[PDB]
J.: 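Sharing a structure with you now.
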Amino acid sequence: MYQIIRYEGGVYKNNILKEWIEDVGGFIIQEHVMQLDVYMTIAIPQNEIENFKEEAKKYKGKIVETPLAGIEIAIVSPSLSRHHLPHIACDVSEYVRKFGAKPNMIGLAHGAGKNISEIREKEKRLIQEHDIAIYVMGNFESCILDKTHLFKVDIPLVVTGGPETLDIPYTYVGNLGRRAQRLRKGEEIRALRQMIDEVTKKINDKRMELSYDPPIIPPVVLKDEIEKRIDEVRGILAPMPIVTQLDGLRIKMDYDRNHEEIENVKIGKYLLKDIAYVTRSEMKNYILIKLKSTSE
Amino acid sequence: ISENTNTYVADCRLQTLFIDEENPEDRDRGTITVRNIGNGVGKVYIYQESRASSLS
Amino acid sequence: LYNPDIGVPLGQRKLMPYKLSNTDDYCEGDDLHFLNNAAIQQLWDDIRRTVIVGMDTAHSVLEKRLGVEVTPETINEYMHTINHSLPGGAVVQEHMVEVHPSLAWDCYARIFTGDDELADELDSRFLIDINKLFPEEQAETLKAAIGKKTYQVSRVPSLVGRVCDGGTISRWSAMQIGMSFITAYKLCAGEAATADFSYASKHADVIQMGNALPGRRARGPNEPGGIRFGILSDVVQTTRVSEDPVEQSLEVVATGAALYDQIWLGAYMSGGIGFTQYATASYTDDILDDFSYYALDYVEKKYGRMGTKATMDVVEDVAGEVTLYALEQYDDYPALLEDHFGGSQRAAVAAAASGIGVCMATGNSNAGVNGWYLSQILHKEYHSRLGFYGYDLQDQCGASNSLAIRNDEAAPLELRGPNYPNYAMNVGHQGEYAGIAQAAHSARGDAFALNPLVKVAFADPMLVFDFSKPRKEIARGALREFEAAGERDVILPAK
Amino acid sequence: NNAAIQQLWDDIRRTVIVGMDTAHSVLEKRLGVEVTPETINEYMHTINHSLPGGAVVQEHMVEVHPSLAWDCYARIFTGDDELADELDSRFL
Amino acid sequence: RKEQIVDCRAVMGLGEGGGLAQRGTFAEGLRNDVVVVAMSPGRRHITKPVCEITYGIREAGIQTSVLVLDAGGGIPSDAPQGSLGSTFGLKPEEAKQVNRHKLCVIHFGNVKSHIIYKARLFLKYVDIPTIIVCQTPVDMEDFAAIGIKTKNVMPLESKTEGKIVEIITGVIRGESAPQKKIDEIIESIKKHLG
Amino acid sequence: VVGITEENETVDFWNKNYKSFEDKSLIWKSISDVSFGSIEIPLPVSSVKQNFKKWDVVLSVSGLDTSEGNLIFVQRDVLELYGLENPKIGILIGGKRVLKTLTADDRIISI
Amino acid sequence: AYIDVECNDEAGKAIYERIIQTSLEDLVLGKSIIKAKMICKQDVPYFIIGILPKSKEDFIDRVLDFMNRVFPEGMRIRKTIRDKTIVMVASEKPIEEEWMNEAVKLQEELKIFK
Amino acid sequence: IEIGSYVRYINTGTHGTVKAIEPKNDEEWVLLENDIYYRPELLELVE
Ligand code: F43
Ligand SMILES: C[C@@H](OP(=O)(O)O)[C@H](NC(=O)/C=C/CCCCSSCCS(=O)(=O)O)C(=O)O
């Protein structure tokens, strides 16, 4: 119903456009003003897409179709050191961001090495809390092959590495190894696009799975209702105060202090505790909301 | 009918008259609302689609 | 509520990378500075260190005065000798010191000839083959222009022009040519015929990239202020690898901007920051490419590539249409306007497109500059602004000087240059003038613009800078993957 | 083959001496700006940043890489003893 | 050796071949220990001297956040005769995001008169000890001359609530920081943090 | 409820050969998951084999003969076991218990 | 400098050649080093990097910074030999004698490089 | 070090006369003529 896109335009007369979006029933998921241009991730009903395109072309704006602007991705790097973090890992994260997703760098405590690499249970659960996980591996076939125990999560997976083709029982994208320069060559860009296509395919499949038994309320409108009701969400200092997942939300407020308030939020005629699973998150003691399906 | 979309039709006869009242409940099918803030304060809307509540 | 300590964010656009026209490389604006870009420095070094010497008078002296017979075998031996002597090796005078070969790896002495029979039995190591490097029609045109004459191209090391100035190159080549001549043909080391060789190679048969500027300008030869626009058009080698006239003119525009506006004007005649954003405006985004392609489409739709003879009416029509289109594009797309924030950038781009269009319609370079000046004074009325004050000096006197015949004001645009009295001071004009001069000949499908010898000489595959695709090389230099000569690390301590 | 001779010529080539007494007098009288040793020190700081490739309080302007011009300096000297000892010794 | 999770920013970078960070953005490193403040996302600040410090701290085992200032270039409006070229400032949300960290590391440039006043305006709203990483040799007293709290040279009338706890010189903008500078910064952070 | 995700070539088969798979019985429920049919599948059988996932709809030809192509409804995560170019056609999620309880005697009758 | 990598992995060879070149450029060490050869043995995890400098302690420190940058993170056990040719062996396991012998062989090969 | 003495800051060489000693937070501090506190360990007597 609500297809999510990105509007890129100027700040002049942007308030009138926001008023129009409110009038037609859309939601402004994201807003950022750089100097004189504003980027807005907006979720509006499908029957108003052409109307919004006409409105955007009136303000000399630009509509960018974001195929991943409803999910949060766990980019898993073996460590946050100079080998992986300041290059490749950021390129993967920023390319994911370029298509609307909300990434989270996951630097494993013991992810480096060949036979000394291990993944903890807490890291496993933290990765599982996301929608899809992207692994940024090295550039040796033997090292990657002797490292399959790292990619043991019941989440859609895309593994990236140096060698062009791997023989692991997962999706693999080659020519994205451990590097030290910014990814700007044509081959590297093509490999990034291939990784984007793989994650897009997995996300669309999962979207069909969810569409078989739709949730009682969409995550985006649930986030809007929480923002309207809860008055502490504008005091959050995190990058994304409320993250829109595929079938839920992540509220970046303390669980011990605000879970009772979150649960006792009335949407429609239901109480939130009766339609969603509110639980504490392994992510800095935040609140994780998982929506129930109409079957229950 | 001054403005039409796929979700509402609006009237702009009194678009510069202020009101200070909040009634933020669901804009259901065939709901009549008056925008109370912004550039279009005072416009009267009739909604053809079931939409969420709005503070404006 | 007014907090004076919030500050004002600034320069959002300048933080974003600059694409390069007709390429797919993104670079920072700091990497396009001529001091930070080794590719631009190597471009200027390769142009500076090139001298073409006609080795026909010397052969005649050897044949008619010294009674020595000149054959292709003797020429091969001479080439072997000079390729050793020109970098700084010793041929006579026992007990000399020699320059380190590591510092002169870019030093070449090449030979090309319009005589196919002589070019057949010549060592292909030292031969610039016109047949192999140029398409059939272009090769025939170049050979017809050059004739049955033999020329030698000397590329003295870049380190020489970096330690010294540009006036060193001709003298270096002349001394080494004389030495190689007297040691390859077993002549006396010093006689009257030696003076004949020296005079021939010093001025009679020498071709300089740039003339000297004595007097007020006070500069030697082979400086960027002495390079005419046609010479720079002939330096760029896109004409022999591509058939798109707009692409050729735009590569010449990029090279002219990077040479004149950046090096010559922002360093030789100014200093400090220089003029990087004035020059990159003509070759970073496709703005100039889009405007030029629109101009070519309009001209081909109503006139043709050479369908009309240069008259005032066609100049007005084409220049006005292209200027109106360019300014409308600036109005419609705020991205374009914020990219070319300064008025000078915009004025130069629109006027360059208009001049290129007029040249593609008429095939005359002076009509091209006339269109450029009409575009400038039409831009002024359209937006009620032109550029920084001091910009439109030449643009005000331009219309009168473009077709003038008076001594101080008349020159074909190919024969004009940075020493033309109107063009001698201001940025944002000269590279586009060179592009207009090139477009005058790209319309006719000419093999060269002003000098066939320069075109053949810079078609050499052993040059450090690739002049076929100047923008690609500039992008490579901006990305720190261009290898430049003139470095002296074998004679320096480890750091 | 000798970098010492090349640097000998480089150091002579890249030197220009400019007197700053007419500038100070014009600043004081015509321009109505006071000139003090503190202001001279401020000017020396500015010119030392700006001479190699710098652009003062303008991040949007293209600048030369600082490591590319490590040999660039701006120095001051004077025959006035009191002014000489009132000036910063960093660039005197 | 413990897992380190970063909250990546919600907005993308500067174009295709440009930088990965964006002006006026914050990336929380969950457990708030150190925040690295970059004046801008440009090549003069980001990934050449700043992400290097970031990965040095993250290698030392200390979680790091990186905050790119909305307006980090220029001099504050309170500088003598005002500012020129551009105006430096700190937003209240930026100050709150900084103030939840144990320590701050901030990267400054070349001119001394710019650095002192920028640090004064920065510490007018930041109340945690900070480390100044600049290129020029600046003495840990010229800040006190204009009123800044300083560990070694206190002012009589302090105009800031933040303490300049260490000054590290020799880090050039846009150039890779050698391992020696990273080691010095890490040692200062470790000895002035816990 | 099955749902086709991976285009490949077997979905093009399914598009009209699912009605040819109508009224077909269960063939086996062994470690090679639950397969139905068995009707002709002319899609070129490649010995190269690609990994599949839990409760994934698969049209693998069991035995490399066009006529015996099974409607193999994968239950468990199967690594390299099968043949065919890429038998992956869709994913089973809805009614998973139905596919699990399905026995040899039972048929899919109407699709 | 001269860069060559001895590895049986095709992608690893090119990628680590680029890594070596980038690490040399970042430290501005290209003109101060004659040769830089890296031997990649991933089946038994250990890597060897040899450096032949042109012709003080600061240069040596820069060289160890280069080794730290290039070497894979997991190989934390390292030992170096310096007799005008700096060679270091990095592995996740305690260094064996055969690896040291390979290191000295690389050192002697680098010495006679001209 | 006492009031009226002549001291110079070792790091920069600024010359001034000690105005007062104002201990705070169990730590000695030295005030010079420029109304700036200093540390005794970073100051030394000159004559
Ligand atoms: C900042 C100044 C001060 C001054 O004396 N000249 C400046 C700055 C100067 C310095 C910048 C370095 C620095 O530290 O100042 C230099 C490099 C001078 C030079 N050697 O060529 C320069 N400008 Ni200016 N300057 C430029 C430009 C411009 C445009 C900017 C238009 C706008 O509205 O933003 C305007 C000229 C105009 O009004 O038409 C301009 C003005 C100005 N320019 C005025 C404006 C304020 C003043 O009133 O004092 N530059 C541009 O238009 C782009 C090219 C750019 C040149 C450097 C580059 O090419 O990279 C630079 C060229
Ligand atoms: C050598 C010098 O000659 P002249 O200054 O004696 O005319 C001559 N320079 C000029 O003509 C003028 C120099 C100013 C640089 C161009 C200005 S671009 S930015 C300034 C905009 S404005 O505010 O000045 O209008 C040159 O060739 O560079």
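Counting convention: from 1, in listed order, for ligands and their atoms alike. The sequence lines fix the lettering, A, B, ..., with proteins before strands; numbering per chain opens at 1. In what follows, every heavy atom counts, from backbone to side chain, and hydrogens, waters and symmetry copies are set aside.
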J.: Flag this pair as yes if the NZ/CZ of C:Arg13 is under 6.0 angstrom from the six-membered ring centre of C:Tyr18 and inside a 45 degree cone about the axis; otherwise no.
T.: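 Verdict for C:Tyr18: a cation-pi partner in C:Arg13.
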J.: Evaluating non-hydrogen atoms only, which member of C:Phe388, C:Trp264, C:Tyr268 is closest to atom 20 (C) of ligand 2?
T.: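 Result: the heavy atom closest to atom 20 (C) of ligand 2 is in C:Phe388.
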J.: Tell me, which pairs form a salt bridge (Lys or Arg N to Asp or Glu O under 4.0 Å) where one or both residues lie in residues 50-63 of chain D, sequence neighbours left out?
T.: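 Passing the test, one end in residues 50-63 of chain D: D:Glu63-E:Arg44, D:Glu63-E:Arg173.
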J.: In ligand 1, which numbered atoms sit nearer than 4.0 Å to a non-hydrogen atom of D:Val56?
T.: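 Going through ligand 1 atom by atom, the ones under 4.0 Å from D:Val56 are 14 (O).
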J.: Quick one: look at C:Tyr278 and ligand 2, take heavy-atom pairs under 4.0 Å, and tell me if it's side chain, backbone, both or neither.
T.: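 It is the side chain that touches ligand 2; the backbone stays farther off.
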J.: Under 6.0 Å between ring centres, would you say that holds for C:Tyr433 and C:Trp372?
T.: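 Yes - the distance between ring centres of C:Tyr433 and C:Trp372 falls below the 6.0 Å cut-off.
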J.: If you count the atoms of ligand 1 from 1 in the order shown, which ones are under 4.0 Å from a heavy atom of C:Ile273?
T.: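 Checking each atom against C:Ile273, I get 12 (C), 17 (C).
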J.: Do any side-chain atoms of residues 29-36 of chain D form donor-acceptor pairs under 3.5 angstrom with protein atoms, and if so which ones, sequence neighbours left out?
T.:
{"residue": "D:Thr36", "atom": "OG1", "partner": "D:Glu38", "partner atom": "N", "Å": "3.1"}
{"residue": "D:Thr36", "atom": "OG1", "partner": "D:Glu38", "partner atom": "OE1", "Å": "2.8"}
{"residue": "D:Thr36", "atom": "OG1", "partner": "D:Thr39", "partner atom": "N", "Å": "3.2"}

J.: Using ring centroids (six-membered ring only for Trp), state whether D:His45 and D:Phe91 fall under 6.0 Å.
T.: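 That pair passes the under 6.0 Å test.
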J.: Yes or no: does C:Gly274 have any heavy atom under 4.0 Å from an atom of ligand 1?
T.: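 So C:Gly274 counts as touching ligand 1.
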J.: Within less than 4.0 angstrom of ligand 1, does C:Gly272 place any heavy atom?
T.: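 Flag not set, C:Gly272 not near ligand 1.
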J.: Under 4.0 Å from a heavy atom of C:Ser270: which atoms of ligand 2 are those, numbered in the order shown and with their elements?
T.: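 Under 4.0 Å from C:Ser270, ligand 2 has these atoms: 28 (O).
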J.: Where do C:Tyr26 and A:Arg184 land on the side-chain contact (heavy atoms from CB on, under 4.5 Å) test, with the steps shown first?
T.: CA-CA 8 Å; C:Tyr26 292 86; A:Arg184 80 170 36 96; 5.9 Å; no
J.: Is any N or O atom of C:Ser344, backbone or side chain, closer than 3.5 Å to an N or O atom of ligand 1?
T.: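 Checking ligand 1 against C:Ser344, no N or O pair falls under 3.5 Å apart.
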J.: Of all the atoms in ligand 1, which lie at a distance below 4.0 Å from a heavy atom belonging to C:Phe275?
T.: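 It comes down to these atoms of ligand 1: 21 (O), 59 (O).
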J.: Hey, looking at atom 28 (C) of ligand 1, which of C:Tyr278, C:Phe388, C:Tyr391 has the closest heavy atom?
T.: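 Selected option, by shortest heavy-atom distance: C:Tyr278.
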J.: Any salt bridge linking C:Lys380 with C:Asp395? Criterion: basic side-chain nitrogen under 4.0 Å from a carboxylate oxygen.
T.: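 No, no charged N to carboxylate O under 4.0 Å.
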J.: Using the rule given for salt bridge (charged side-chain N to carboxylate O under 4.0 Å, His left out), can you reason through C:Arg476 versus C:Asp25, listing the C-alpha separation, both sets of side-chain angles and the distance that settles it, and then say yes or no?
T.: CA-CA 8 Å; C:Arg476 282 183 56 233; C:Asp25 304 276; over 6 Å; no
J.: Output yes when C:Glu251 and C:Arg471 qualify as a salt bridge under the 4.0 Å nitrogen-oxygen rule, no when they do not.
T.: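 Yes.
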J.: Side chain or backbone, does D:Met61 bring an N or O within less than 3.5 Å of an N or O on ligand 1?
T.: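 D:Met61 vs ligand 1: no N/O contact under 3.5 Å.
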J.: Which atoms of ligand 1 are found less than 4.0 Å from any heavy atom of C:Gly271?
T.: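 Near C:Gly271, the atoms of ligand 1 are 20 (N).
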J.: Please check if the distance between the ring centroids of C:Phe229 and C:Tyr260 is under 6.0 Å.
T.: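 So the answer is yes for these two rings.
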J.: Can a non-hydrogen atom of D:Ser50 be found less than 4.0 Å from any atom of ligand 1?
T.: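 No heavy atom of D:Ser50 comes that close to ligand 1.
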J.: Number the atoms of ligand 1 from 1 as they appear, then name those within less than 4.0 Å of a heavy atom of C:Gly387, with their elements.
T.: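 With C:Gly387 as reference, the close atoms of ligand 1 come out as 39 (O).
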J.: Based purely on interatomic distance, does C:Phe275 place a nitrogen or oxygen under 3.5 Å from a nitrogen or oxygen of ligand 2?
T.: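 There is no such contact.
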